[PDB]
Amino acid sequence: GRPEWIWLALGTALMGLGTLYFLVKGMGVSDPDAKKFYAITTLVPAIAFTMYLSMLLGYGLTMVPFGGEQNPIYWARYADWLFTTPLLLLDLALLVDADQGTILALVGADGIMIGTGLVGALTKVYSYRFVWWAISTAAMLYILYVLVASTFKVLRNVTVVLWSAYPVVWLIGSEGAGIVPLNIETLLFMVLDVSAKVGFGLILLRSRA
Amino acid sequence: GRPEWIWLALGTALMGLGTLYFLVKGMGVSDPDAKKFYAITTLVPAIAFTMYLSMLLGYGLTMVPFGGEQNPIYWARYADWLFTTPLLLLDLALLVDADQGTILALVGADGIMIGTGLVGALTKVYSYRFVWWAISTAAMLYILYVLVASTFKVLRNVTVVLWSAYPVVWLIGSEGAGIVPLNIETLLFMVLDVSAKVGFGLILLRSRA
Amino acid sequence: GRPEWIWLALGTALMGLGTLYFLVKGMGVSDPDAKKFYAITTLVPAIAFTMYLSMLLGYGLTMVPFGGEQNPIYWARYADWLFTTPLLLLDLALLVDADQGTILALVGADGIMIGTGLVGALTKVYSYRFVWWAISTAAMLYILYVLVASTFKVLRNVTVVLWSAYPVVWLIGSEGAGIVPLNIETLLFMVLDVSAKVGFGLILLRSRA
Ligand SMILES: *C/C=C(C)/C=C/C=C(C)/C=C/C1=C(C)CCCC1(C)C
Ligand SMILES: *C/C=C(C)/C=C/C=C(C)/C=C/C1=C(C)CCCC1(C)C
Ligand SMILES: *C/C=C(C)/C=C/C=C(C)/C=C/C1=C(C)CCCC1(C)C
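Here is what the cut-offs are and how they apply
- Residues numbered from 1 in each chain as written, not as in the entry; some residues may be left out.
- Chains lettered and ligands numbered in written order.
- Heavy atoms only, no water.
- UniProt positions renumbered as here; feature names shortened; annotations may be inferred.
- Contact = heavy atoms within 4.5 Å.
- Buried area = accessible area lost by both parts, 1.4 Å probe.
- Salt bridge = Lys/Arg side-chain N within 4 Å of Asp/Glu carboxyl O.
- Polar contact = N/O pair within 3.5 Å; in protein donor to acceptor, adjacent residues only side chain to side chain.
- Helix = DSSP H or I, 4+ residues; strand = E, 2+ residues; numbered from the N terminus.
- Nonpolar A, V, L, I, M, F, W, Y, C, P; charged D, E, K, R; others polar.
- Expected span 1.5 Å × (residues − 1).
- Buried < 20%, exposed > 50% of the residue type's maximum accessible area, 1.4 Å probe, protein only.

- In its metadata, the entry names X-ray crystallography as the structure determination method and reports 2.3 Å as the resolution.

- If you look chain A up in the PDB entry, it shows as BACTERIORHODOPSIN from Halobacterium salinarum.
- Per the PDB record, the entry is named "BACTERIORHODOPSIN/LIPID COMPLEX".
- For chain A, the Function comment in UniProt is given as "Light-driven proton pump."
- Its UniProt record gives chain A a comment under Subcellular location, which states: "Cell membrane".

Written out as structure tokens, the structure reads:
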């Protein structure tokens, strides 16, 4: 029915497959710390899966009215990003043994970043959508700012490159500028999410970090 | 007005009475740890009380449309379950001195379980309600999976038997199959909640755990 | 358009200015603990800023119907209070090195307090609004109940006097009794918020606590 349904079904299946591979490999962990990284890495695609399923089936999509049109917004992404992004940041934070001040700041910065994105996504006044997009980007640069060693650096670097693509997709997407159709927007985000999560997941859990 | 109002008023009063008994008995605690268990055990019926009051009075109930009918759904239960279930799991987790990996996994598993229940409760497509019910049940079996010693075992066992009744109520309830009228569904859930919370509460706080 | 817009623009700017002053002064912190207090103190006006911006522009305001009228409610305040109040309580809690039982209880008490305020704010049955206001006040007295030493005492005392003004504003405001117009209500709350946050912020971060 919806042309981006295939990307949605394809994200759901891939988040589904990542959760499981990780649940199974996670059996044989006595290490308190590896338990921490295994819990986080698996939870991320797990919550991700559920939200991809929500979007795939009509739940997780609304028509936000702006520009003289009702616009299809997939709100369910922010409900996923709300929990997964702080946890990915928790893997990195934990990985390099960061302090409370930093992890909290990182996680707090994360909250407002995804928190302003939702508002930008839901704002009925076209112009303002971009004001909120801006506050979100600034929170991101703060996180990228604040952001064993070898595997951390490779992960810190994967994070940086992948996350920075999100605001651009939002900006050019059907969410911002409206030049990129929802299709490829759902496709691009599906590629970002399975990498930032499953790719990130593998790199990490497969490592000796 | 609503026939299950009595169960709602009866749940509110009982959650009300459990919160208080616990607040008062909680006075005389110097123990850092007993403080932890006292804070959790009291918070649970406390948040519970507020949500029973919300449902009792019209707030906390919506008409979800499916099956060619508008259906009365008590969304307020998921707003309560969202916070109380992870805390009950926190009593057990803390009780047996579980690791970060486990408690997080438990709490993360909990979130999606109640998180998928809400979506199942709110899904307008009858068929899908059960797809989400299924993902929720699987998260539960994961928790029951992962799930001093004497009092833990009695508590672990109370949890297991009580929580497993919830999906069945949802499934046969006015939320799922629609064979059990809302009345007895509100009644059964009122009995599950006052046990999983007040009963659990007593067993625990009354113990030497 | 809205007469309280100036208070909203004036709160946004002031929360904006507090966040920044704190972000900049927060550069030169090697102390794990000062990092904790710097992360919290800055996050508070930061989340505050975003919610003042939300209210300033139409997002963050709804017409709740009661009394035979549709009433302008600024729901966005509860979305801010939800996160900032537990963090202000975290500064104090951390400041005096409180236990897990206490901080959790404090934070849990906080949640229901702001959590009942939102419901009171959203209740369509005029009479009930006050029932929920009451449960919220009781949670507050519980927090004020539970509530280096010199700077803690000055902060504990600032908290107490400022927070106690909130329920009265709500009660006499356009949210409760409806005797105080939204204008001065937005003005009074703007003064409470910039003090409880920026004032509190300065007192604390400027100190040797
Ligand atoms: C698994 C998903 C991840 C890591 C998602 C990350 C999303 C972002 C970093 C989004 C950022 C945005 C902005 C900076 C501006 C507003 C729009 C957003 C939410 C797309
Ligand atoms: C105090 C309340 C407690 C402990 C409530 C527990 C509720 C559950 C374990 C619910 C489980 C459900 C499913 C497994 C499937 C979807 C429907 C639910 C939410 C009833
Ligand atoms: C930065 C904001 C702060 C510290 C806000 C605090 C707000 C309160 C303490 C509000 C309390 C309320 C009641 C006790 C009853 C219901 C209405 C409220 C939410 C205004």
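## Quick notes on the interface of chain C and chain A
- Each partner contributes residues to the interface: chain C has 16 residues there, and chain A has 18 residues.
- Carbon and sulfur atoms supply 84% of the area buried between chain C and chain A, which totals about 1,300 Å² over both sides.
- Among the residues chain C hides against chain A, the three largest losses belong to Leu43(C), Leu57(C) and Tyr59(C). Together they make up 38% of the total.
- The interface formed by chain C and chain A holds zero salt bridges in total.
- The tally of links from chain C across to chain A stands at zero residue pairs in polar contact.
- Here the side of chain C that touches chain A takes 12 residues from helix 2 (residues 32-56) of chain C, the largest share from any one element.

## Side note on the interface of chain A and chain B
- Contacts between the two partners involve 16 residues from chain A and, on the opposite side, 18 residues from chain B.
- Interface area, chain A with chain B, both sides summed: about 1,300 Å², of which 84% is carbon and sulfur.
- Three residues, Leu43(A), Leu57(A) and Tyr59(A), lead the burial of chain A against chain B; their summed loss comes to 39% of the area buried on that side.
- There are zero salt bridges connecting chain A and chain B.
- Summed over the shared surface of chain A and chain B, the number is zero residue pairs in polar contact.
- Ranked by residues supplied to the side of chain A that touches chain B, first place goes to helix 2 (residues 32-56) of chain A with 12 residues.
- Across the side of chain A that touches chain B, the residue classes break down as 12 nonpolar, two polar and two charged.

## Comments concerning helix 2 of chain C
- A rise of 1.5 Å per residue sets the reference length of helix 2 of chain C, with its 25 residues, at 36 Å; its end C-alpha atoms lie 36 Å apart and thus fit the reference within 8%.
- Summarising burial for helix 2 of chain C: 21 of the 25 residues are buried, a large majority.

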